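Every number for a ligand or one of its atoms is a count from 1 in the order of the listing. Letters A, B, ... mirror the listed sequences (proteins, then strands); counts begin at 1.
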Amino acid sequence: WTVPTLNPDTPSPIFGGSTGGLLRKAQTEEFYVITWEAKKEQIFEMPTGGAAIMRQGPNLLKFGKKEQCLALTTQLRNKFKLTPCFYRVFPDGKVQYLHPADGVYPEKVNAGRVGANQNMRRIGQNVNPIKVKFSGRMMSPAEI
Amino acid sequence: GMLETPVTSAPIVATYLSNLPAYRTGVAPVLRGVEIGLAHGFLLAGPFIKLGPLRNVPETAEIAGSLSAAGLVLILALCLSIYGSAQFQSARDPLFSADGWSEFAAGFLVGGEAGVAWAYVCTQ
Amino acid sequence: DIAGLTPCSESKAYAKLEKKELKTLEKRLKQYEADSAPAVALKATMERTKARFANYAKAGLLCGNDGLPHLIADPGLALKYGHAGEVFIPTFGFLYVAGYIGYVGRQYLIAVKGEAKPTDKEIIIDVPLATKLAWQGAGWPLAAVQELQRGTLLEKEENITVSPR
Amino acid sequence: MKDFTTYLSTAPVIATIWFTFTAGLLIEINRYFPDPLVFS
Amino acid sequence: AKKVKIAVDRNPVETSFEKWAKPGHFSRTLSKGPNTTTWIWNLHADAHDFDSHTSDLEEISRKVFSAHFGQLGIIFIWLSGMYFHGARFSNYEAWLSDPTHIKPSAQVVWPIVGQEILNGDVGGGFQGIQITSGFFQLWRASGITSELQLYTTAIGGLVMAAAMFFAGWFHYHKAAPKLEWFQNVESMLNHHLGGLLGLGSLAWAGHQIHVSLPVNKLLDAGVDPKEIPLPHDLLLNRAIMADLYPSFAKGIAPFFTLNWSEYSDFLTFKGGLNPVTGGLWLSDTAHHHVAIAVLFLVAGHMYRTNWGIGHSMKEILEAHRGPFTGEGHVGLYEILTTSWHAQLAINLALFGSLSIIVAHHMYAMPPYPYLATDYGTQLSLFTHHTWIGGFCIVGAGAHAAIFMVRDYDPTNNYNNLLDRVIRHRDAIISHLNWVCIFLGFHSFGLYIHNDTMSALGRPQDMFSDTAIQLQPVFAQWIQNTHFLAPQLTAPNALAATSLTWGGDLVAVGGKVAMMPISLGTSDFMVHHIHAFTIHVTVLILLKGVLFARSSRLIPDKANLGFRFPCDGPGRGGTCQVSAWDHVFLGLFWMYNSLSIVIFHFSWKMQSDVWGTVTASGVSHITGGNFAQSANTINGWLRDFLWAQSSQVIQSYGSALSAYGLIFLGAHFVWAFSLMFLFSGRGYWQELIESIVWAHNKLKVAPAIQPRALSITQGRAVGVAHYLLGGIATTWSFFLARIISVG
Amino acid sequence: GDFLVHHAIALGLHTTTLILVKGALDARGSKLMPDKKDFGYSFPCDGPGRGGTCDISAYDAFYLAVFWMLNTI
Amino acid sequence: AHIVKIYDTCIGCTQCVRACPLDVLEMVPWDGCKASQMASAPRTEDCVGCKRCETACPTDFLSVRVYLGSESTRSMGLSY
Ligand code: CLA
Ligand code: CLA
Ligand code: CLA
Ligand code: CLA
Ligand code: CLA
Ligand SMILES: CC1=C(C/C=C(\C)CCC[C@H](C)CCC[C@H](C)CCCC(C)C)C(=O)c2ccccc2C1=O
């Protein structure tokens, strides 16, 4: 598995449009692009409101925040049994790929992943807040 | 994309906006400030004169109302100035810059007060 | 008398209060017939009003300057001057009933904890058991004390869940 | 009939009968002993 | 071409008490029994949520149909009780003789714990609670003259109640209609238009023509009620009817020969109010129901069922297709024949709006004899039917959002009217948001302007009739147009429909029944308060429906459901995002808006309409202080709430003392509700932990684990107590006031 | 008349103390949130899980107690 | 950015990962439980603080904990 490269010329579903789409943020900070393959033309529900028809073959959509992309991904996987993937696109033209980070959806365990933010203790074994006081910033006992 | 609509996308509407001082590019920000300030300043005198606390006084009503319209233009000019200070601290149009907006605010004050004074002269 | 109060039987304001209430009833009476249904009802009310004011005076209550009965709560003052029936005696009257209700409910709750499905015995009451426990509760003060002395009234501190501290 | 008597044993039905009985007893006592304020 | 036919299933369900002894049987989740107290609340909350018990539409429809028979059976018991209590515990017979001096009463209390003082002196040698339901006026209009007639109706009411409960059992356990039966919308409309409304109107016209009109004609003439002919004597003896109405001498030949003008003596078009009784002419009311009967019977032959002729409702919807709306009304027919919630959303909306229209028309055109001069009945009926309409409309929003979450399917809705509305919801809510802000400033800000100018000693600067004026010129023009209608635009009408438009007052028994209502600056200001508070209620409810499925905050709100508390403290906090919470908030604003409506009505009537007629003129209850005082918030506080609450707070020791008690008790329930609204279950679950510890210490801890109410139930308990306390407070204040002075 | 009012004042003092005292003794944790100390004195909630935890912090106990203080005074 | 911590009582049910509406969590190999897998939080910069993961954790007390911290455009869930 290798990191996919986004194709900006991918066709988009048949959608009239709505007022729930991108705002000025997309032009200044970032936006998100989700792409997938469709076996047949079908009607799905846009997370921004309304219904759109997915073309047979590749499809591409642009959303304002990550949660909107992953909300559509859940719908496509659960009902239509598709395998979408989405990116983060910056105004400068850079494209960042994510979900699936390594090509396998996170629900399935995969070798090569490195545990992060894992504490080898229980919640009840954290230190008291007094012992992490005056540490330069508000710090919870869980952080240390 | 965005929901197309005649109000959002129509030829007649677009041409009208493109001729307004705010959208008429190629004009110095100061001159646009004067043109905008004059229009608002002239109108601003109306409500103060007719519905102010001294509206029923024969001759003082005109003076008091216009003098209050001049005051509001001064407050608005301050709002324009500080807005430029906060917004532009670091693009195509010169107006949306620290240098451009400061000239724009100055023109609004000059135009606005001129409009208020011009409105008074119309009455007397 | 006590705390500056006076017996209601000797209170001028108390007597005047009775006349006011009877006068109000009499005023409504004279707009009806002698033995019509409304007239009979009003006369019945007046009889109860006269009986009520005689009973409170006969009970030896104390009336204030307002001319209304006041109750004595201190056990020493109550037993000293024969006001035990106002608060003192009713105090032990209520506690017997309150302990009766609470003790009966506790007995039933313990009884069903031994059953296979205690939760279904709480929404759907076991009426035969409840009636059995209802009658045996008359001796709750005796049974309650004996549990206390035998040490089976309270749970052990080690068998009760508590939050981290 | 077993199920019907089980329905009457449900909490809402028992409470209605119990409070109907309890209220009736208190109402009847005050009907024959009106205006009780002191044990006497 | 599926034929319209009767279709049922035999013995679908067995009649047994087995499931009566197994609470929660209807739901898979609750069938296992309780482990925590939360189970108990869940049992009652989901009892009537049929759509969630089963996914079968046929099973859902059958439960709805029989649950409706139970509702009908309950109304008949209630109606039977009202007729029975009129026969046995009322002064109706005495009231017929002296309607203007005797107060209606149909409830008597037992002499226990000293409550017999509530049996007030109402007249006719009778003691009882004065009623404001208007049943005496209704019975007189229909021609009831004895308690025997009231008694027979009550017995008939119980027989109908028994029939309704049998029908519900029969059509669920014995012969349950199939799903295809329920989906004959064309057939149902035909029967309900021509059969329910149409024949119902014609049948009632028969009663009025043959019973109400003769009886009320003699009652108004002064004949003693006991000496009036019985209704069957009027029916059997055409000679008697001819004396009262000569048209009866010609029989029914004029009807079939089209000489309908022969019936002009009892089918009139007078308009106005009957001077003797102050209510609408019954001859006018009979011609109304005869005209309405024909209109609905014609209306019931519009839809096609089995014989070709008629309209297909699907075809009508699909033909109405324009350039601005894409596909159009396509797909609505399938929505409205497969979603009960969608049907309920429409019907609640219009049924509630109808109840509000009833309130306005009944006060302005009093339809019963002696209804107008009974100010307690006028105030109660207007206020009752406004509250009923308010709750129904809020329900319409609730069940529109339920449809949006559960029954909405994007595949069936693509580019149709419904889809396009969802695709510019931000445009709709943003514009409606601005309108509410605009209306709040320019209506309530005027009151704040007046209050400040008045406190500063600048009355000449206020918005009022003696100062800067705001005249409802448009409303005043309409009042004048309707006043002159009989001259040119309604030539065959003798009088204007109402005396509110203009003219002369009608006085019955020395009291004003109705007189022209003048609209001034205060009326201009209060009306734009109504528009403000109504528009805000639309904003809250419409926002909930349009954003039920998703928003820019929760992109997948549909999966969370219709009734959930939040999506957690993330994204800054998402408390109360569900569409259920938009009904919860909408209830407060509906209560706020209708409270001003019934305060506006109460003060305007007492100030400008109601009063006592004397030689000099009309003296009103509050003496015409609405015009000068209702333009400031201080005026409402002092002149309306503080002054008129004198009656309720002085009620102790009289027959109205009950209203005083409920006035305090209502204040209590309202304040009690703020405990649930201002707090959260996190505090209460920890409090119960310490309380449970004490019970554990004494071996008296319950087997069903105590739990603090859920988040949603806290909001539901809060709003229910808030509404009950607030509404009951006004209820006590209105009745103790109007009964005392009115 | 003074008897009834004084006992209402006692209700105010005891209930206000109850709310404040619970907010302090449960500040460090509880069965519904054993590790409340790790979140601080003032936080919104722990989410809708475990039945719902609105107004569970010690800050919220003080917030509810201010109402009872105003009522008592 | 919020703080998300996984504690050693995890049983590797994967319910937290499925629940997360922003793909913040993932499963990694482990030897401390029967399932031989543990939850991980490699992408906490995308966490919004909904606490759907905590709602889904079966262990008592929770094995995944979210401590709301500094706010940002991503953690505040803004599309503008
Ligand atoms: C709730 C607390 C309380 C309070 C404030 C009072 C107050 C009073 N009691 Mg009462 N009393 C109470 C509870 C209380 N009592 C209880 C629970 C009982 C047992 C059921 C009694 C039994 C009782 C008796 C038998 C007598 C009083 C008497 C008195 C008065 C003076 C002595 C006294 O008690 O001083 C302050 C109170 C206390 C410090 C609390 C304990 C009081 C004990 C139980 C009684 C003391 C009696 C005293 C030795 C009598 C000496 C003669 C006296 C004339 C000076 C006073 C009005 C006396 C009286 O009638 O005086 C006119 C009296 O003879 N009380
Ligand atoms: C004695 C006759 C009888 C019997 C034995 C049954 C038995 C059954 N019915 Mg049937 N049913 C009957 C009569 C009967 N029904 C009638 C008369 C109707 C017409 C309304 C229906 C309509 C009906 C429906 C629509 C359904 C059933 C269902 C059921 C099953 C469960 C019912 C249940 O749990 O009820 C227990 C419920 C109660 C005791 C609540 C009684 C509610 C009534 C309407 C009284 C309402 C009073 C009202 C709230 C008063 C105001 C309250 C306020 C003062 C507080 C069971 C097979 C259900 C089923 O089969 O599900 C699979 C079902 O969905 N029945
Ligand atoms: C639904 C409403 C309704 C009803 C039921 C009636 C009924 C009646 N009207 Mg009225 N009427 C109405 C509306 C109504 N009207 C309206 C809207 C108007 C205004 C246009 C009038 C204007 C009007 C006038 C002007 C007159 C009546 C009259 C009558 C009576 C005689 C009609 C007649 O000659 O029938 C003729 C025949 C029939 C209707 C057919 C009867 C069929 C029977 C019932 C069949 C029974 C068959 C059965 C098997 C036998 C029994 C067997 C068993 C014992 C074993 C009758 C009581 C007349 C009267 O007498 O007034 C006092 C009269 O003069 N009406
Ligand atoms: C024709 C009228 C109608 C009908 C048939 C329904 C039917 C339904 N509604 Mg809807 N609804 C209506 C009107 C109607 N609604 C109106 C007018 C409103 C606005 C207030 C709503 C608001 C509403 C909401 C917000 C919800 C529903 C829901 C439901 C469903 C479940 C209801 C349930 O289980 O209740 C069970 C019944 C109870 C628990 C009893 C409630 C008791 C109230 C609160 C008592 C109030 C005080 C009382 C009347 C007077 C004083 C009492 C005294 C003892 C002190 C069901 C399909 C629920 C659902 O899930 O739908 C899918 C839901 O969430 N409705
Ligand atoms: C008296 C209490 C009160 C007040 C004043 C408001 C005010 C408002 N609510 Mg709120 N609300 C309240 C109680 C109140 N609410 C309650 C108890 C609840 C819980 C049920 C809600 C629930 C609620 C919801 C759910 C909604 C509102 C909405 C609104 C807005 C309506 C439209 C608008 O902008 O009007 C104009 C504003 C006013 C009339 C406020 C007073 C303005 C004064 C009189 C004039 C301005 C002052 C002036 C500039 C001088 C300032 C000087 C100073 C700076 C020195 C408004 C901000 C709706 C909204 O946001 O619509 C857009 C909305 O959706 N409210
Ligand atoms: C007071 C309060 C509680 C506590 C209230 C509870 C637990 C409800 C209490 C209901 C009754 C009083 C308890 C159950 C009674 C039994 C049915 C037994 C009664 C037996 C006889 C006496 C009838 C919450 O749970 C809550 C939740 C969310 C927001 C606000 C609040 C809130 O304000």
E:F351 atom CZ: more than 12 heavy-atom contacts under 6.0 Å: no
Atom CZ of E:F17 with >12 non-hydrogen neighbours under 6.0 angstrom: yes
Test side chain to side chain contact (heavy atoms under 4.5 Å, CB included) applied to E:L677 - qualifying residues, sequence neighbours left out: E:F584, E:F588, E:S673, E:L674, E:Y722
Metal site atom 10 (Mg) of ligand 4, protein N/O/S atoms found under 2.8 Å: 1
Listed protein N/O/S atoms, distance to atom 10 (Mg) of ligand 2 under 2.8 Å: E:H173 NE2
Residue E:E14 vicinity, atoms of ligand 2 by number, heavy atom under 4.0 Å: 57 (C)
Which atoms of ligand 4 are found less than 4.0 Å from any heavy atom of [X]?
X: E:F391; answer: 17 (C), 19 (C)
X: E:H44; answer: 36 (C), 39 (C)
X: E:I402; answer: 61 (O), 62 (C)

Point-to-point distance, once rounded to the nearest 0.5 Å, from CD1 of E:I77 to CG of E:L158: 7.0 Å
Parallel, tilted or perpendicular, as decided by the 30° and 60° cut-offs, for the rings of E:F733 and E:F599: perpendicular
Parallel, tilted or perpendicular, as decided by the 30° and 60° cut-offs, for the rings of F:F67 and F:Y63: perpendicular
contact_flag E:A45 ligand 4 heavy-atom lt 4.0 Å: yes
Intermediate values then yes/no, side chain to side chain donor-acceptor pair (under 3.5 Å), E:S710 and E:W41: CA-CA 9 Å; E:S710 63; E:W41 307 114; over 6 Å; no
Touching ligand 2 at all, [X]? Heavy atoms, strictly under 4.0 Å?
X: E:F165; answer: yes
X: E:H25; answer: yes
X: E:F166; answer: no

Output block, N or O contacts of ligand 5, threshold 3.5 Å exclusive:
from	atom 1	to	atom 2	distance (Å)
ligand 5	65 (N)	E:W589	NE1	3.4

Under-4.0 Å heavy-atom contact with ligand 4, by part of E:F50 that carries it: neither
Contact partition for D:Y7 relative to ligand 2, non-hydrogen atoms under 4.0 Å: side chain
Qualifying residue, where the test is side-chain contact (heavy atoms from CB on, under 4.5 Å) with E:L723 and the options are E:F391, E:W670, E:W387: E:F391
